[PDB]
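Encoded as structure tokens, the following chain is the form solved without the ligand, with no partner shown.
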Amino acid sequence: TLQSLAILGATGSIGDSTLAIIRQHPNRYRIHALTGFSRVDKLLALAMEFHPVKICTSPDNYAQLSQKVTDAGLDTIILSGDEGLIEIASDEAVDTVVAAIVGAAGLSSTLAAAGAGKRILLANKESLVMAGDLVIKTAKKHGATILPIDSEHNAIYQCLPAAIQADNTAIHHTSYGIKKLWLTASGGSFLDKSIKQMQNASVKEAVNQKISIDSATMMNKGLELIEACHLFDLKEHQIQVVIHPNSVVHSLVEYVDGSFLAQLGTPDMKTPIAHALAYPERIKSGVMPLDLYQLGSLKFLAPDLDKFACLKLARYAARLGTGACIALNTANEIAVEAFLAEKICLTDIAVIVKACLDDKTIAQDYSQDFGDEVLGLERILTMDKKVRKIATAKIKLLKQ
């Protein structure tokens, strides 16, 4: 029963929560490897505590990290760059990979873990936005098990029957009676602000960091919707969004008899991570539990899609397939960076995304099979590079 873990992106929030669970349950989990691109001193401290066989950092931090490791008298193998992540994720001594590297940087190690038949605790939604068919097919072919540890998707997973948890395609058997998935969304910091205040928002006002902007625009939720389409083997029409500012209800599953099953909790990521680590069993997580007696009013409302145009664009991209999802994701990234550099305003993010989605040169690639086992990854990366250039040019076209 003891699982050997590799944590890909071990120095942030997911890593903290995962390691805290491991501290509490040494008979079930041990650390084989940890990675961290930027936080050399924290990575070193984790290595001194957990004694991983291997760690990996960025090529630029390799010399520094290796210095510090040898100063501390540690026997650990270092590793750097994309191929170090792949090595760690595919290592025969690893049972379970916690995939918490943000963005496109995480895609090739996630594929390697899938290709090696690992249990994958998935916290890197961009890998499914960019490569969802390829990732899911590869995992299925090699017997890798994907468990979502994002809050919303973990909640949905908990609220589906065991046969559908084990085989996502079973959702299409009518006898299970899944009618719709419901993603909850906090609404972000402009939920109670006008479109005009979005238009005029300063960077300071928008963050309250890529992640905060995506939450401000609701692109975060649109990317989650795409992710859900893959994880749960559904089309976008079968996944609806409800605004829930309290973030107590983490998402819901609607059944054909009228039952809505939901998972509720606090924001502490130990909850979904413990659920996924122990699955199909459950374990103590150490969280301060939700206090039902001390909840404010829980509120729910329809999302305003005229204001949150990114969510609408995500849903269009989902219908068009992986090529359009890559374009959406890549254009959004380049537009967010431009917003942060004060080159465009917040409401112009959707404008750049739409212009890329509709661009005939991009759209000509939508019919490619980005799920192709041999050609898929190169097609995905080629599409990303092409869209990055075009999105940059649209920003200039707009601001000229």
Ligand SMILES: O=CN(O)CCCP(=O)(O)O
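Counting begins at 1, following the sequence as shown. Only residues modelled in both forms are compared. For the two forms, the rigid core is made up of the largest set of C-alpha atoms that agree within 1.5 Å on superposition.
Unmodelled residues of the deposited sequence between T174 and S175: none, the chain being continuous. The deposited model assigns a higher average Cα B-factor to 337-345 than to the other stretch when 337-345 and 362-370 are compared.
Of the two segments examined, 236-244 and 288-296, it is 288-296 that shows the higher average Cα temperature factor in the deposited entry.
You'll see in the entry that, of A33, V351, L357, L65, the Cα B factor peaks at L65. Per the deposited record, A216 carries the highest C-alpha B-factor of all listed residues (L107, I146, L277, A216). Annotation for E87: CA B-factor lies in the middle third of the chain's modelled residues. Sorting the modelled residues of the chain by their CA temperature factor places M48 in the highest third.
Per-chain ranking of the deposited C-alpha B factor places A6 in the lowest third. Ranked by C-alpha B-factor against the other modelled residues of its chain, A123 falls in the middle third.
In the deposited entry, the Cα temperature factor of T57 places it in the middle third of its chain's modelled residues.
Another form, the form deposited with the ligand bound, is not on view; read the next lines as being about it.
Placed here by superposing the C-alphas around the site, the ligand (as posed in the entry with it bound) stays clear of every backbone and C-beta atom by more than 2.4 Å: open pocket. The stretch from 216-224, 137-145, 275-283, 90-98 that comes within 4.5 Å of the ligand in the entry with it bound, counting heavy atoms only, is 216-224. Contact with the ligand in the entry with it bound, judged by any heavy atom within 4.5 Å, is made by just one of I86, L79, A318, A185: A185. Within 4.5 Å of some heavy atom of the ligand in the entry with it bound lies at least one heavy atom of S151. Once the core is superposed between the shown form and the other one, every option in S259, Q197, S202, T174 stays below 2 Å in C-alpha shift except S202. Shifted region between the shown form and the other one (3+ consecutive residues, every CA moving 2 Å or more on the core fit): 200-207 alone.
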